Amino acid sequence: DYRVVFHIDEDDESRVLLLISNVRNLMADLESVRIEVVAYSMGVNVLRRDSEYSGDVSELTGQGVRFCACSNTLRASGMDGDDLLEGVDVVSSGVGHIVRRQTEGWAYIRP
């Protein structure tokens, strides 16, 4: 049924909690939905193992939500896959993945 990819590139608290809230809201309002969360730039800090949002990220991952980190930004930010929480996947490009997804018919949400 529904397919949607979220986009977050900041790590300020209110924006992060809004994304989280939007992801949960969406899973409850739509019968069937596939969700991906693409985070790049400062936004990747949310996917770090030492992140204050790790509980939220690990829990949603268990519910089928796929979090994607940008292969490029990572380097740019002195980060590698070892710094990311378990369950978080890496895509070659945050924006590229978003464009591919949109091109494949996925809906786009930028909280």
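Residues carry their position along the shown sequence, with the first being 1.
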As the entry reports it, the stretch among 44 to 52 and 66 to 74 with higher mean C-alpha B factor is 66 to 74
Going by the entry, of stretches 97 to 105 and 84 to 92 the one with greater average Cα B-factor is 84 to 92
Chain-relative C-alpha B factor for residue 57 (record values, thirds): the middle
Residue 35: CA B-factor among chain residues, third -> lowest
